[PDB]
There are 2 protein chains.
Amino acid sequence: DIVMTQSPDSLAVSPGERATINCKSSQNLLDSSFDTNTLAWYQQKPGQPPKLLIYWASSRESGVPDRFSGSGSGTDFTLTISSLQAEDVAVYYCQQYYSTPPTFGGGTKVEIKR
Amino acid sequence: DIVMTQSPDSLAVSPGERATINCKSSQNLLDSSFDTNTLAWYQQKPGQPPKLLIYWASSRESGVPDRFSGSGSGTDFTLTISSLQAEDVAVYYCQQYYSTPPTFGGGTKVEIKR
Ligand SMILES: [Ca+2]
Ligand SMILES: [Ca+2]
Ligand SMILES: [Cl-]
């Protein structure tokens, strides 16, 4: 099966600062001969299920703030929160949707540094 | 780990007819003190990642039409589409978010029998 690994498992930065989360896939997620990757990023708030943020590595779902951006292609991806806000504190997961069903990485808890 | 089983794997009903999907969890997902089930339902269109439809077994996400409804508790749940429309043709997954990360059932392909 495909292995999805995120780094770090938890991180904290000051309000307004940039936060970066890494995700590695054991399998190259490029789709066929296209430039698109079957890699998505989700946000999970306490007691809630994960909700879609980004698909195809960098495309934002309608309604998602511009401070959320994804990069990478192949096996290594990155989710960046350019300026961390209070409402962004949550667990972020990368997800490969090449397989049926898709599978998530371990998730990365993002917090505000006191 | 937790085993999420859906039944059937594929189904088709006439336009406007009711579609029913079953999901079984090897893990009791009900927190009796809060009366909440860490069970959600997602919809996946071709080439896209799964998007949230229902959380806490029966609560619909904002924007989801009322023809979609979830029921069940503990280990057995059901997603029901009262009147199947063409835009509903997709793969549906139940998801347990008891563990970290959450995991999906095998998925159920829903089509219109014209
Ligand atoms: Ca019929
Ligand atoms: Ca109770
Ligand atoms: Cl979603």
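Throughout, read-outs are computed from the coordinates displayed, never taken from laboratory work. Counting neighbours? That spans all protein chains shown, and the Cβs are built from the backbone with ideal geometry, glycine included.
Measuring between alpha carbons in the structure, the pairs from A:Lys51/B:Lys45; B:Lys45/B:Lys109; B:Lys24/B:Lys113; A:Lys24/B:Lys45; A:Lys45/A:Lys109 lying more than 18 angstrom apart are B:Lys24/B:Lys113; A:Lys24/B:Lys45. Cβ-Cβ distance of B:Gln85 and A:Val3, R₀ of 45 Å, FRET efficiency by 1/(1 + (r/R0)^6): the value works out to about 0.75.
Taking a point 7 Å from the Cα of B:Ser14 along the Cα-to-Cβ direction, the residues of the range B:69-113 with backbone N closer than 15 Å to it are B:83-85, B:112-113. Got a sec? Which residues in the range B:82-99 would a label at A:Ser62 touch, if it sits 7 Å along Cα→Cβ and we count backbone N under 20 Å? Within reach of a label on A:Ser62, which here means backbone N under 20 Å from a point 7 Å along Cα→Cβ, the range B:82-99 contributes B:85-91. Each residue of the range A:45-57 is assigned a 3J(HN,Hα), and the resulting list reads 8, x, x, 10, x, x, 10, 4, 10, 9, 10, 6, 6 Hz, derived from the Karplus form 6.51 cos²θ - 1.76 cosθ + 1.60 (θ = phi - 60°), x at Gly and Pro. Out of every Cα-Cα pair that the protein assembly as shown contains, those further apart than 33 angstrom amount to 17 percent. What the Cα atoms of chain B give is an Rg and a Dmax of 13.4, 46 Å. Here the range A:1-63 and the range B:1-61 have alpha carbon centers that stand 22 Å from each other. Can you bin the range A:51-93 into rounded, prolate or oblate? Criterion: square roots of the alpha carbon gyration tensor eigenvalues sorted a ≥ b ≥ c, rounded for a/c under 1.5, prolate for a/b above b/c, oblate for the rest. Prolate is the answer for the range A:51-93, as a/c is 1.5 or above and a/b outweighs b/c.
Add +1 for every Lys or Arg and -1 for every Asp or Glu among the other residues with Cβ under 14 Å from the Cβ of B:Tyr55, and state the total. Mind showing how you got there, number by number?
Details: positive: A:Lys45, A:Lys51, B:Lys51, B:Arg60; negative: B:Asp31, B:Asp35, B:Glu61.
Value of the local net charge: +1.
Label-to-label distance, A:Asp76 versus B:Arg114, with points set 7 angstrom from Cα along the beta-carbon direction: 4.7 nm.
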